[PDB]
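Heads up: the structure comes next, in C-alpha cells.
Positions of Cβ are generated from backbone atoms using ideal geometry, with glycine treated the same way; all protein chains shown enter the neighbour counts. None of the figures in this text is laboratory data; all of them are computed from the coordinates on show.
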There are 2 protein chains.
Amino acid sequence: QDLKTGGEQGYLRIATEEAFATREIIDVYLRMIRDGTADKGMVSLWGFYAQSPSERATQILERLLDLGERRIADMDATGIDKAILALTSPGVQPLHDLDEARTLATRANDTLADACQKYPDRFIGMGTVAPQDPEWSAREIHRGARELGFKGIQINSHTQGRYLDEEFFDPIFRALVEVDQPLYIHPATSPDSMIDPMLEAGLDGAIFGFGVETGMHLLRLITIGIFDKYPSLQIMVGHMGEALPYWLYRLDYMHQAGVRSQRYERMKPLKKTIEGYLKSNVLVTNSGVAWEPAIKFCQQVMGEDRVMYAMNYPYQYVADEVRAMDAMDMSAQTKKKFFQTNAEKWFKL
Amino acid sequence: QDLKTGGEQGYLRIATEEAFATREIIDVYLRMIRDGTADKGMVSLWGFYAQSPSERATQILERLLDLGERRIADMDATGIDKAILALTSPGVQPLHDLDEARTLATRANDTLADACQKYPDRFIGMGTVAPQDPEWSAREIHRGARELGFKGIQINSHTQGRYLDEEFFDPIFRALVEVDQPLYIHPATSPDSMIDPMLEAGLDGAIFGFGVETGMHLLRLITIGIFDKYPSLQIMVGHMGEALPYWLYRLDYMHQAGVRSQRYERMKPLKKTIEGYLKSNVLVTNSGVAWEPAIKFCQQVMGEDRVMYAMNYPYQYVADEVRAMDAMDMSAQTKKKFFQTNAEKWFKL
Ligand SMILES: COc1cc(C(=O)O)cc([N+](=O)[O-])c1O
Ligand SMILES: COc1cc(C(=O)O)cc([N+](=O)[O-])c1O
Ligand SMILES: [Cl-]
Ligand SMILES: [Cl-]
Ligand SMILES: [Mn+2]
Ligand SMILES: [Mn+2]
C-alpha cells in the first residue's frame, strides 16, 4: 500500500533486469532434458522450474509466461513504474538446431515487442539472439532497434561453452556499436567444462556459479580488449557487477603483472586499466542484491551514474526489498539516479 | 620515508600469509610436468615460475626458497616485524605417491620448524599436510602443535579435485579442534574439472581462478554445515575473503531459497545464517588487496576484529602497499587490530 507507482516519492522505479519466458522455449528445454541433449546446467535449472510441483516453481513459471495484466498488477503492488524485460536465461543459446534457435528467438522477440507496444509506459524490451549464428544475431540486433523498439540485447553468458571474446562472435559487437545500444550479459549455468564441483554442492545457480560464470565472461572481454576495439560499447551486468568491483585492486595488480609476463596471447596491453573500463564502459545493476553497503561500495568505485536498480522479477519478488532500497541513506539526487535516470540515460528510454 | 620494524608507529606489522618453498618439492612439480602427471593448473603455475628466466619469476623462486638472511632483510626493508609462513600452494596435495607426499610434508614441516627456532621473534609457522591421507594429516596436525610450535595449518584448497566437505576428510577437522587451531584455506589452481575456460584466457591464477576455487571451497564448507559440527573451528582465507563478504546478501538470500526448495542433498538447514558464520567462524586477511575500500567494507561486514594484514610475500612484495596500509583512514585502535592484535589473538601468538 505504501509502495506506489507514479513517482510521487521523487523518482520512478525502473527495474532493469526483469524476466519473461515463452511456453514453446520451455518445452524445448523439457525435450532436451528428456532426450539427453540438455547440458548439466539446463537439467539443474530448468529440470527444476519446469517440472517441480512446488508452489514457488509453478508461480515463477506463471509469472514468467505473463506479459499482461498479471505482471502489471505485480508491478503496481511493488511500486514498479517500468520493467526492462528479457527472455529468461539461457534463451535459445543451448539449442543445437540453428533453424530452431533463430525461429524461436524471432518469435520471442515478436511476442515481447507486441507486449511493449500494448503497455509502452510500463514494458521496455531487450532483444534475445542466438550467438551460434553471429551474423543472424547482428541482423536481429538491427531489427530490434529499428522495427521492434528494443533498447539493446541480453546475452545469457556462454553459448554452448563458448565465450564472446572469440573472434567468431565479432559481428554481434559490431552491430551493437552500429545501433549504439548496450549489451546486458546475464548469467547462465556454467558449461559442462566447469560446472561439476559447483553442481555436486548445489552451488551452480544464483548462489554462486552464476557470478563465477558471468564475472569470468565480462573479465575475458575486458582483458581481450573489447573496449579498445569498440570504445563506445557499454556492457551491463547484474548482481552488483558479479564481484568485479570488489576484486578491482587484485584484478588490476594481477592483470598488469600478467601483461608484463607476456605469457598469454590473449592478455596484451590495454589502453586503460580495468578500473578505467569500469568507469567508462561497464554498467551495473543490483539485481538480487538489495543491500545498501554493496550498492554504495559500487557507486564509490564506478561512479553513482553507473549503478542501477533492478528487481529480478519473478525470481526475486520481495516488497521489503523495494522498501529497503527506497529508504537508503543516499541524497535525493543519487537515489533518483539509481532508480530512474541512470536507466533512462543508458537504455535511452 | 622509511618503513621500520619495532612498532614505533603504534603497532607491529604481522604479515599473516607469507610463502616459502623447498627445492625438492619444486623438483617434484617439474618431474610431474615432465612425465605428464601434473594437472593443467600445476603446468600453468609451476611450469612457469620454476622455469621462466623472467625477473619476477626468478626472484619469486629465490625468495621462496630462502628461510634466512634474504627473507629477514626483505622484511626489515618493509617494516614487517613477523611473518606467518606456510609452504607455497599446492604443497604436497597433488602427489599421487602417498609415501612421497607424507615424506616431503614431514621434511617441509621440519625445515620450517628449524627456521622458526632460528628466528623466533620473526617467523611463525603453519604446518602443511597431505589430505590424500587424512588420518596421517591428523597426526601431523598434532605433531606441529605439540612438537614444532606451529600455530595451525594451511591447506591449498582442493586435493586432486576433491574438497574438504567430503566426510573422508573429517579427521583433519577433528584434529584442528582437538588442538584448537585455525585452518587457513589458501588458493590453488582449479582442478581439471573446472579450469579450462579460465586457462584459455590466462585467468586461472591469482587474477581470478584462485578466487573462484577458494571462495567455492569455503562456501561449500559453510553450506555442508562444518561449523555446526565444529562450532569452535576457525577458517581463515586471504584475498579479502574471496569476495564472499561482498556477495553476502546474495549468499544468504539464495542459500535460504535453496534450503527451502529441497533441491540439493548437500544444502540442508544450518543453525546460523551465512552472515552469522562469517562473524563467528570465518577470518579474513587482505593478502593481495592493499586497497582501503575493500578492507573497510570487510571490516564493516565481518567486524574489524576479524580482518588481518597480510603481505603475500614474495608474490606481492611491494613497499608502497605497506605505506598505503599504514596511511589508511582508520582509528589508531582499528589499525592496531588490523596489523597486530587480531593476528595475536587468532593465531595465539
Ligand atoms: C533463469 O533465470 C534466473 C534464475 C534464477 C534462479 O534460479 O535463482 C535467478 C536469476 N537471476 O538473475 O539471479 C535468473 O534470471
Ligand atoms: C603459489 O602461490 C601463490 C601464487 C600467486 C601468484 O601466482 O601470483 C599468488 C599467491 N596468493 O595467495 O595470492 C600465492 O600464494
Ligand atoms: Cl502503458
Ligand atoms: Cl628473532
Ligand atoms: Mn535475472
Ligand atoms: Mn599466497
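What are the residues in region A:144-192 that are assigned to a loop (DSSP other than H, G, I, E, B) and among the aliphatic types (A, V, I, L, M), if any?
Residues of region A:144-192 that are assigned to a loop (DSSP other than H, G, I, E, B), as a first pass: A:149-152, A:156-158, A:160-161, A:163-166, A:180-182, A:186-191.
Once the filter is applied, which keeps residues that are assigned to a loop (DSSP other than H, G, I, E, B) and among the aliphatic types (A, V, I, L, M), region A:144-192 yields A:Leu164, A:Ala188.
Counting only residues that are crowded, with 20+ Cβ neighbours inside 10 Å and more than 18 Å from the chain's Cα centre (by Cα), how many does region B:170-183 have?
Residues meeting the conditions: 1.
Six or more apart or on different chains, Cβ under 7 Å: which pairs go from a residue in region A:237-251 that's on the phi > 0 side of the Ramachandran plot to one that's of a type in the set (S, T, N, Q)? Could you list them?
Short answer, once both residue conditions are applied: A:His239/A:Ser287; A:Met240/A:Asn286; A:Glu242/A:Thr214.
Which of the residues spanning region B:302-327 are within 14 Å of ligand 2 (Cβ to nearest atom) and within 14 Å of chain A (Cβ to nearest Cβ)?
B:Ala310, B:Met311, B:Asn312, B:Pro314, B:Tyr315, B:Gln316, B:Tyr317, B:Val318, B:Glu321 - these are the residues of region B:302-327 that are within 14 Å of ligand 2 (Cβ to nearest atom) and within 14 Å of chain A (Cβ to nearest Cβ).
Select from region A:5-27 the residues that are within 16 Å of ligand 3 (Cβ to nearest atom), of a type outside the set (S, T, N, Q) and more than 16 Å from A:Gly125 (Cβ to Cβ) and write down the one among them that is surrounded by the fewest Cβ atoms within 10 Å (Cβ to Cβ).
Across region A:5-27, the extreme among qualifying residues is A:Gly6.
If you go through region A:90-104 one residue at a time, do you hit one that is over 20 Å from A:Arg162 (Cβ atoms), under 18 Å from the mean Cα position of the chain (by Cα) and hydrophobic (A, V, I, L, M, F, W, C)? Before the answer, list the steps.
Keep residues of region A:90-104 that are over 20 Å from A:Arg162 (Cβ atoms), which gives A:103.
Going one step further and asking which of them are under 18 Å from the mean Cα position of the chain (by Cα), we end up with none.
No: region A:90-104 contains no residue that is over 20 Å from A:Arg162 (Cβ atoms), under 18 Å from the mean Cα position of the chain (by Cα) and hydrophobic (A, V, I, L, M, F, W, C).
Counting only residues that are more than 16 Å from ligand 2 (Cβ to nearest atom) and among the basic types (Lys, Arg), which one in region B:1-41 is farthest from B:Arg107 (Cα to Cα)?
B:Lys4
Out of curiosity, is A:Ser232 surrounded by fewer than 16 Cβ atoms within 10 Å (Cβ to Cβ), more than 10 Å from every other protein chain (Cβ to nearest Cβ) and either in contact (Cβ under 8 Å) with a residue 24 or more places away in the chain or closer than 17 Å to B:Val318 by Cβ (or both)?
Numbers: surrounded by fewer than 16 Cβ atoms within 10 Å (Cβ to Cβ): yes; more than 10 Å from every other protein chain (Cβ to nearest Cβ): yes; either in contact (Cβ under 8 Å) with a residue 24 or more places away in the chain or closer than 17 Å to B:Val318 by Cβ (or both): yes.
Yes: the conditions hold for A:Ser232.
Working only within region A:326-349, note down all residues that are among the acidic types (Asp, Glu) and either closer than 17 Å to A:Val237 by Cα or assigned to a helix (DSSP H, G or I) (or both). Full working, then the answer.
First, the residues of region A:326-349 that are among the acidic types (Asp, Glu): A:326, A:329, A:344.
Residues satisfying the conditions are A:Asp326, A:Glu344.
Sort out which residues of region B:279-290 are within 14 Å of ligand 2 (Cβ to nearest atom) and either on the phi < 0 side of the Ramachandran plot or polar (S, T, N, Q) (or both), and write them in order of number. Before the answer, list the steps.
Residues of region B:279-290 that are within 14 Å of ligand 2 (Cβ to nearest atom), as a first pass: B:284-290.
If the condition is that a residue be within 14 Å of ligand 2 (Cβ to nearest atom) and either on the phi < 0 side of the Ramachandran plot or polar (S, T, N, Q) (or both), then B:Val284, B:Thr285, B:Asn286, B:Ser287, B:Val289, B:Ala290 are the ones that fit.
For region B:24-64, name all the residues that are of a type in the set (S, T, N, Q) and assigned to a helix (DSSP H, G or I). Full working, then the answer.
Applying the first criterion (of a type in the set (S, T, N, Q)) to region B:24-64 yields B:37, B:44, B:51-52, B:54, B:58-59.
Hits for region B:24-64 are B:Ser44, B:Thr58, B:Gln59.
I'm checking my understanding of the structure. Among residues of region A:111-140 that are closer than 18 Å to A:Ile235 by Cβ and of a type in the set (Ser, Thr, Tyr), which one is nearest to ligand 2 (Cβ to nearest atom)?
My answer is A:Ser137.
From the list A:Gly125, A:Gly209, A:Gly215, which residue is closer than 19 Å to A:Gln93 by Cβ and within 16 Å of ligand 3 (Cβ to nearest atom)?
Details: A:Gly209 fails: within 16 Å of ligand 3 (Cβ to nearest atom); A:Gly215 fails: within 16 Å of ligand 3 (Cβ to nearest atom).
None of the others qualify; the one that does is A:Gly125.
Just to be sure I understand, how many residues within region B:266-293 are among the hydroxyl-bearing types (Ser, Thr, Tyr), away from chain A (no Cβ under 13 Å) and either within 13 Å of A:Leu203 (Cβ to Cβ) or part of a loop (DSSP other than H, G, I, E, B) (or both)?
Counting residues in region B:266-293 that are among the hydroxyl-bearing types (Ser, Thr, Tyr), away from chain A (no Cβ under 13 Å) and either within 13 Å of A:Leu203 (Cβ to Cβ) or part of a loop (DSSP other than H, G, I, E, B) (or both) gives 1.
Being within 7 Å of another protein chain (Cβ to nearest Cβ) and among the aromatic types (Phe, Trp, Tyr) is the filter here, so list the residues in region A:198-214 that pass it.
A:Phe208
In the list A:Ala130, A:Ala57, A:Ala113, which residue meets the criterion of being away from ligand 1 (no atom under 16 Å from the Cβ), surrounded by fewer than 22 Cβ atoms within 10 Å (Cβ to Cβ) and either more than 14 Å from chain B (Cβ to nearest Cβ) or more than 20 Å from the chain's Cα centre (by Cα) (or both)?
Working: A:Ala130 fails: surrounded by fewer than 22 Cβ atoms within 10 Å (Cβ to Cβ); A:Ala57 fails: away from ligand 1 (no atom under 16 Å from the Cβ).
None of the others qualify; the one that does is A:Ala113.
Residues to consider are B:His158, B:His142, B:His186; find the one that is surrounded by fewer than 24 Cβ atoms within 10 Å (Cβ to Cβ) and closer than 29 Å to B:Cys116 by Cα.
B:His142
So B:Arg263 passes all but one of these: (1) within 13 Å of another protein chain (Cβ to nearest Cβ); (2) buried (at least 22 other Cβ atoms within 10 Å of the Cβ). Which condition number does it fail?
(2)
Please go through region B:146-155 and give me each residue that is crowded, with 20+ Cβ neighbours inside 10 Å and out of contact with any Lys or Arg (no Cβ under 8 Å at 6 or more places or on another chain), ordered by number. Reasoning before the result, please.
Restricting attention to region B:146-155, the residues satisfying the condition of being crowded, with 20+ Cβ neighbours inside 10 Å are B:150-155.
Of everything in region B:146-155, those that are crowded, with 20+ Cβ neighbours inside 10 Å and out of contact with any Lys or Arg (no Cβ under 8 Å at 6 or more places or on another chain) turn out to be B:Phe150, B:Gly152, B:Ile153, B:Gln154, B:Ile155.
Regarding B:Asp74, is this residue crowded, with 16+ Cβ neighbours inside 10 Å, more than 16 Å from the chain's Cα centre (by Cα) and within 16 Å of ligand 4 (Cβ to nearest atom)?
Details: crowded, with 16+ Cβ neighbours inside 10 Å: yes; more than 16 Å from the chain's Cα centre (by Cα): yes; within 16 Å of ligand 4 (Cβ to nearest atom): yes.
Judged against the criteria, B:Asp74 is a match.
Scan region B:28-47 and give yes if some residue there is within 16 Å of ligand 4 (Cβ to nearest atom), more than 14 Å from every other protein chain (Cβ to nearest Cβ) and among the small types (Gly, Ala, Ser), otherwise no. Can you show your working first?
As a first pass, look at region B:28-47 and keep what is within 16 Å of ligand 4 (Cβ to nearest atom): none.
Looking through region B:28-47, none of the residues is within 16 Å of ligand 4 (Cβ to nearest atom), more than 14 Å from every other protein chain (Cβ to nearest Cβ) and among the small types (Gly, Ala, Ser).
Using the structure shown, decide if A:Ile224 is within 9 Å of another protein chain (Cβ to nearest Cβ) and of a type outside the set (S, T, N, Q).
Numbers: within 9 Å of another protein chain (Cβ to nearest Cβ): yes; of a type outside the set (S, T, N, Q): yes.
Considered against the rule, which asks whether it is within 9 Å of another protein chain (Cβ to nearest Cβ) and of a type outside the set (S, T, N, Q), A:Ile224 comes out as yes.
Looking only at region A:29-44, which residues are touching a residue at least 12 places away in the same chain (Cβ under 8 Å) and either buried (at least 22 other Cβ atoms within 10 Å of the Cβ) or in contact with a helix residue (DSSP H, G or I) (Cβ under 7 Å, 6 or more places away or on another chain) (or both)?
First, pick out the residues of region A:29-44 that are touching a residue at least 12 places away in the same chain (Cβ under 8 Å): A:29-30, A:32-33, A:37-42, A:44.
Passing the criteria: A:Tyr29, A:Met32, A:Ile33, A:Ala38, A:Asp39, A:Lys40, A:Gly41, A:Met42, A:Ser44.
Any residue at all in region B:188-197 that's more than 16 Å from ligand 5 (Cβ to nearest atom), among the acidic types (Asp, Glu), within 13 Å of another protein chain (Cβ to nearest Cβ) and in contact with a helix residue (DSSP H, G or I) (Cβ under 9 Å, 6 or more places away or on another chain)? Steps first, please.
The initial filter retains those residues of region B:188-197 that are more than 16 Å from ligand 5 (Cβ to nearest atom), namely B:188-197.
Subset that is among the acidic types (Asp, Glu): B:192, B:196.
When the remaining residues are screened for being within 13 Å of another protein chain (Cβ to nearest Cβ), the result is B:192, B:196.
With the extra rule that they be in contact with a helix residue (DSSP H, G or I) (Cβ under 9 Å, 6 or more places away or on another chain), the set shrinks to B:192, B:196.
Yes; the residues of region B:188-197 include at least one that is more than 16 Å from ligand 5 (Cβ to nearest atom), among the acidic types (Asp, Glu), within 13 Å of another protein chain (Cβ to nearest Cβ) and in contact with a helix residue (DSSP H, G or I) (Cβ under 9 Å, 6 or more places away or on another chain).
Select from region A:16-39 the residues that are in contact with a strand residue (DSSP E or B) (Cβ under 8 Å, 6 or more places away or on another chain) and among the polar types (S, T, N, Q) and write down the one among them that is nearest to A:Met240 (Cα to Cα). Write out each step before concluding.
Of all residues in region A:16-39, those in contact with a strand residue (DSSP E or B) (Cβ under 8 Å, 6 or more places away or on another chain) come to A:16-22, A:25.
Cutting the leftovers down to among the polar types (S, T, N, Q) gives us A:16, A:22.
Numbers: A:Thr16: 13, A:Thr22: 27 Å.
For region A:16-39, the residue satisfying everything is A:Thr16.
Tell me yes or no: at least one residue of region A:325-339 is away from ligand 3 (no atom under 16 Å from the Cβ), buried (at least 20 other Cβ atoms within 10 Å of the Cβ), more than 16 Å from the chain's Cα centre (by Cα) and under 20 Å from A:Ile207 (Cα atoms).
The initial filter retains those residues of region A:325-339 that are away from ligand 3 (no atom under 16 Å from the Cβ), namely A:325-339.
Right, trim to buried (at least 20 other Cβ atoms within 10 Å of the Cβ) and you get A:325, A:335, A:337-339.
Retained after the next criterion (residues that are more than 16 Å from the chain's Cα centre (by Cα)): A:325, A:335, A:337-339.
From what is left, the residues that are under 20 Å from A:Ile207 (Cα atoms) are none.
Looking through region A:325-339, none of the residues is away from ligand 3 (no atom under 16 Å from the Cβ), buried (at least 20 other Cβ atoms within 10 Å of the Cβ), more than 16 Å from the chain's Cα centre (by Cα) and under 20 Å from A:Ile207 (Cα atoms).
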